[PDB]
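Starting off, we have a lone chain in the form deposited in one PDB entry, written out as structure tokens.
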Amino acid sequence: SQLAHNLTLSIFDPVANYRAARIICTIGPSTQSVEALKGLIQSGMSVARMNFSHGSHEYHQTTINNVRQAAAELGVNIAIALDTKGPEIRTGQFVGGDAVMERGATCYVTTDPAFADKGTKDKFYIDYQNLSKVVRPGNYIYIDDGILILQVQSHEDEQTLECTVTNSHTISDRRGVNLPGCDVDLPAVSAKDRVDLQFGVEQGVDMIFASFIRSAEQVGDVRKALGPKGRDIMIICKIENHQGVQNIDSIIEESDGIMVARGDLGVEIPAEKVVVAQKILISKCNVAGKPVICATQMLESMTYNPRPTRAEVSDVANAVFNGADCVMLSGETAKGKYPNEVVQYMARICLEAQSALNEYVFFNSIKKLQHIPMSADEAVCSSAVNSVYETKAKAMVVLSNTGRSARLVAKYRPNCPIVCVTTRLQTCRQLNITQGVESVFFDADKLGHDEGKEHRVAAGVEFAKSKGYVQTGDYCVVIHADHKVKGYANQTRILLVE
């Protein structure tokens, strides 16, 4: 039992020689330079996140180029994620950068497009057209992931509403605005979004963080929009609204993964309900064998301070205990004063939580919750992990070209690193949202197709050797197909490493 397991732990228990959890950073003013990115990668960033609700296409293009350059100069593969606007509502530009909203003050909200690039503490734009046909005198308007609330007092004209500032908060350019329980009839994939998705495909991004995913059909709308050229691009659906939680099963089965988008979620549903929602969505994803991200406000105060709060240390550790593949930083890296320090802390907390994490129980729990009969390739993966535990193997090697096999093995949570030897560079990047996997690139162009698997295996074992995971005389569990089978891995072997 967890209780019994807690009594085995100590504060002096030394950490693992590898970290399983992966860290996602959002790139902005604080972190866009090729120098600042190399600091992020060295601190522990695996995924660069571009928020397409800010900046511009030319701005994010610079990010793309800088990330790739910074990564090439460190000799590492780094995933580029495109974060959609989605069916969302945002405020718009303020004069001078920011606007101080003070407790008790009265302001105005206009739907007139003319006020888009000119906004103040007294009058500013909101891009939802039929806002006036939704809110009445007395209702609340939520601003900046619900941190700021405005009470509508009266209707000034056809497009302006008199408001009251309920609490003191400073807001910046284009703030997110939420209308809980209103049924905002914004399209599944907008005319703006279709340009952004077209942009990501052209630039060859690795994954899409799709915003405000409400239905399975909407996920199909994104893939339809992505087109044939970008079908290998991963759709990671963001759950941040009420019906997104309700349709979670059908959403998960359509997606390539999930983000628990707690910022928008923690306003759209009651804040205490986000804990339960997080426990459910993560576990559900773990069972499905699809990457899951815990996001938003995890080390928030480190946007301003060199050290986190006790709650923030706890939050990051528990996301790992929950079973998240990834932990994400937003404003901490986008516009924070300690971008390297924050990612360094996150890695340090992830590694510590992993120490106390009971991967064997994790493995068994997941094993029990799978439909029997399993497919041959899933059974191979499950039983390979079983071998690891029985033999105390110190590394695992998987040949995977699409990433399918590597994620299937990771799904069973062995207590050793998974070394994926892949023939594709996008697979190296894409597996950066999968916990406990390190990729090795095998250039089948110049080195050969390797139909006998021998060369790719030897490359996985050498990687694991050079990382210090295995020594001469250790066991290493190897997964791939035999001489005949194509499409999946039908074979497992335990080999003595030289």
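Residues carry their position along the shown sequence, with the first being 1. We call the rigid core whatever largest set of C-alpha positions still superposes within 1.5 Å between the two forms.
Beyond the structure shown, there is the form deposited in another entry, which is absent from this document and is the topic of what follows.
In a rigid-core overlay of the protein, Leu150 has its C-alpha displaced by at least 2 Å between this form and the one not shown.
A movement of the C-alpha atom of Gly96 reaching 2 angstroms or beyond is seen between this form and the one not shown when the two forms are aligned on their rigid core. Note: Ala105-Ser301 Cα separation is 3 Å or more longer in the other form than here.
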